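1. coords please:
(2 chains, ligands or ions: 2)
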Protein chains: 2
Amino acid sequence: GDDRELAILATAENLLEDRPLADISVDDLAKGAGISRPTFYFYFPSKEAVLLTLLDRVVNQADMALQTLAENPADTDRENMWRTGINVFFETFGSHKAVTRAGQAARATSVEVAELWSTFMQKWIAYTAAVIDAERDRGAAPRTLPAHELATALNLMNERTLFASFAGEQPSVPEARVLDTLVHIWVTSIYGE
Amino acid sequence: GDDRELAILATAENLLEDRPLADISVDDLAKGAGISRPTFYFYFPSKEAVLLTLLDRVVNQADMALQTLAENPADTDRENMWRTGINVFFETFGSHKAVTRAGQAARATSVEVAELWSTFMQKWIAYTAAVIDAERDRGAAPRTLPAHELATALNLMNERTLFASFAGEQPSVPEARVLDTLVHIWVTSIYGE
Ligand SMILES: CC1CCN(C(=O)NCc2ccco2)CC1
Ligand SMILES: CC1CCN(C(=O)NCc2ccco2)CC1
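-> Residues are numbered from 1 along each chain as shown, chains lettered A, B, ... in the order given. Ligands and ions are numbered 1, 2, ... in the order given. The structure is reproduced below:
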């Protein structure tokens, strides 16, 4: 039951490593999961819907991991606090590069994917803003930009930069340099005048 | 000759304000330019090729405007130097929102568009880096990150942030706030420790 579903999900993720959604048939998804095409259609209405669920689970994994971090303060300086946070996204999406890459393209096409991404981005920006605001209240950050606007630009940087880097786009920050790069820009822009 | 070509370009830009490339036929492009479908095919192999040229001219306009700025130093502080520069991109792409939005989608699909964007981004990052390096040499900026990596992340921020803002995406920086937002993050990240 759940097992066939899990196998369709895993077959899909596997197949997205080597080629795009376009050049993957539900036929390929069925065989890989060891089921018929009709049986596939019982678990998912489409191949697009397989991607969506896959993306859903990556996004929830990131979020949950961020919630875990937020609940257990790490005994460290401001720079490592931010780093530890950004690293959740770096590791989680970096561990699911094929889904990441396919998700982001599907944003153009699928309203569900666009809305899924949109919902979580807003949540992560709201959280970034609350932390900046909290840093301003304790007197550790200067009151420069509207915290929420700053959080927005910083989150959008991370999205574009993390993903160009995982795709190996030209141009991009080398994947082994991208954490330090993003952390420097977060902390200088959050704490600097 | 050039006039029919110009009219196809303008018809296309006009039509992209109200709907995507997908829901624009070459038929619509021909009528709008006041020509036949066959005559259209003499000037352009496809509707995709119309977008590409349109994007080409926006991108060259931005570049040329940046070259003009680079050739005439403005008598001003570091913050306004960066602002004046980022503003070239804000105004130029912000004046061609339909082409911008369609260009960026076509990146997924068209290898020409992807390469066009890629070429110019590299050029703009190289230039940003040369300016950061020049600021480090005169002793106005600290030697923090690899200048080229910093330039890369900052350029990618601007691309994602400018465009989310012009599209009116959720989330985004309001278009009337996005200049100040980006300038703060450039200058704090370039000059800060
Ligand atoms: C405190 C956290 C909040 C979120 N964040 C971050 O990179 N979000 C942007 C993103 C999502 C997927 C790729 O990039 C790190 C800092
Ligand atoms: C000195 C310049 C260099 C380029 N730049 C910039 O925003 N480039 C990124 C971009 C292109 C299109 C949208 O965003 C402003 C600063």
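2. Report whether the lengthiest helix in chain A contacts chain B.
-> For chain A, the helix that runs over the most residues, judged by DSSP state H, is helix A:111-137. Yes: using CB under 8 Å from any CB of the partner chain, helix A:111-137 reaches chain B at A:118, A:121-122, A:125. Backbone N, C-alpha and C define where each C-beta goes, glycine included.
3. Out of these, flag the one nearest to residue B:6.
-> Closest approach between the residues of helix A:111-137 next to chain B and residue B:6, by CB to CB: residue A:118, at 37.7 Å.
4. The closest one contacts residue B:171, doesn't it?
-> Yes: proximity of residue A:118 to residue B:171 meets the contact threshold set by CB atoms under 8 Å, at 7.2 Å.
5. Could you pick out the residues of chain A near chain B for me?
-> Within chain A, the residues that sit near chain B (CB under 8 Å from any CB) are A:105, A:108, A:118, A:121-122, A:125, A:144-146, A:149-150, A:152-157, A:159-161, A:164, A:169-174, A:177-178, A:180-182, A:184-185, A:188-189, A:191-193.
6. Buried ones among the residues you listed?
-> With burial judged by 16 or more other CB atoms under 10 Å in any protein chain shown, the buried subset of the residues of chain A next to chain B is A:105, A:121, A:125, A:144-146, A:149-150, A:152-157, A:159-161, A:164, A:169, A:171-173, A:177-178, A:180-182, A:184-185, A:188-189, A:191-192.
7. Tell me who's in contact with residue A:43.
-> Residue A:43 makes contact with A:4-5, A:8, according to CB atoms under 8 Å, 6 or more residues apart in numbering or on different chains.
8. Make a PyMOL selection of whichever of those residues turn out to be buried.
-> The buried subset of those, as determined by 16+ other CB under 10 Å, is captured in PyMOL by this line:
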select buried, chain A and resi 4+8
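9. Show me the contacts of residue A:43 that map onto strands.
-> Assigned to strands by DSSP state E, none of the contacts of residue A:43 qualify.
10. host element of the residue in chain A positioned nearest to ligand 2?
-> Here the residue of chain A nearest ligand 2 is residue A:160; by CB to the nearest ligand atom that distance is 10.1 Å. Assigned by DSSP states H and E, residue A:160 falls within helix A:147-167.
11. Give me the angle between whatever helix or strand comes next after that helix and helix B:175-191.
-> Of the helices and strands lying after helix A:147-167 in sequence (DSSP H and E), the nearest is helix A:175-191. Computed with axes from the mean of the first three to the mean of the last three CA atoms, to 10 degrees, the direction of helix A:175-191 lies at 110 degrees from that of helix B:175-191.
12. quick one: helix A:175-191 near ligand 1?
-> No: under the criterion of CB under 6 Å from any ligand atom, ligand 1 is not reached by helix A:175-191; the shortest gap measures 7.1 Å.
13. elements contacting that helix?
-> Applying 3 or more CB pairs under 8 Å, 6 or more residues apart in numbering or on different chains; DSSP states H and E, we find helix A:175-191 packed against helix A:78-94, helix A:111-137, helix A:147-167, helix B:147-167, helix B:175-191.
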